[PDB]
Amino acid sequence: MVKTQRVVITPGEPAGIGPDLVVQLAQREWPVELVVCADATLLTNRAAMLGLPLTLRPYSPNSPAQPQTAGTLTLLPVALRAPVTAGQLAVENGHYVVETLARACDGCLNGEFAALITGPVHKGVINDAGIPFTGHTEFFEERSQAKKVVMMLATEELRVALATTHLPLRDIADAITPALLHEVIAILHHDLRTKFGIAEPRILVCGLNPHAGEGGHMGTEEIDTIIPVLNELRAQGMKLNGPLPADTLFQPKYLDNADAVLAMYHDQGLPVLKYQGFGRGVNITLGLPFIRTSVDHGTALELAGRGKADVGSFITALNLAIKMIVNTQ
């Protein structure tokens, strides 16, 4: 037989919509135990504000996991630094947020949890707390000591991975080196196989310049670097199509035959993806020893505690992580 799996969930910024969404997630049944790494009173209070029921059971590593039943959550306690008011940032709680991220990450690394699903966090308040922080991705990449991770955004079957992420537009070109493409594609191909269960992944690659450089008249990176690397990889047996113009690549004739698209940078790949799934969009981090998914939106402070939060993205992030667990177990 199999064992009930546990997934760890970090609601994120206490004053944002993360806690609201996690209380909303809890209103249905799940085939895994949902271990929520947060402050008990925070969830209890927020649930009351939303008029939703919630009973918390303690994370108990020395007992078998049990599927999470509606109206409940399993809690791995982490104390808040200061009292919370929905919508208002409290600098000291920045340490609390990171503490939950660290504990959740470690549990995934120690094998306590089969996946990690993150709610939104406010980077500002974390830095104000004196903790350098540029996002979950960099945080997990570093704490997990992974050589490199790749960010991916996905809806149903349409998946876009990024060669570069949150960098100024002007720093992108010089970052596209043979070393980067080799690592990024290796990780993408690897995880599509190990985490997505795709035996022979087919990757669609964007050029860096409009028209993919149009034969060198619009940039030389495709001819100088991208093409040589892709062919080096195709000789290794990888199935790659491209580089292709970004404004041409997102078509059925190309997408129907690809398991993922690799964009050279953030705004080249995400706009199409987002305009294809308001909610439903899921941020996935590839290259880590464990499965990590996440909502694809912000903390929406102005909505915290008011009852009008869209749980669509968190639900899909959770569903996806659960489905990926099998491919690894």
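Sequential numbering from 1, following the sequence displayed.
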query	finding
Stretch with the greater mean C-alpha B-factor as recorded in the entry, comparing 140 to 148 against 113 to 121	140 to 148
Residue stretch of maximal mean CA temperature factor, 4 to 12 vs 319 to 327	319 to 327
Candidate residues 159, 211, 193, 103, the one whose C-alpha B factor the record puts highest	193
Highest-ranked of 169, 84, 204, 223 once sorted by CA temperature factor in the record	84
Record-listed C-alpha B factor of residue 39: chain third	middle
For residue 243, the third of its chain into which the C-alpha B factor falls	lowest
Residue 277 CA temperature factor, ranked by third within the chain	highest
Position of residue 98 among the chain's modelled residues by C-alpha B-factor, lowest, middle or highest third	middle
Residue 237 by Cα B-factor - lowest, middle or highest third of the modelled chain	highest
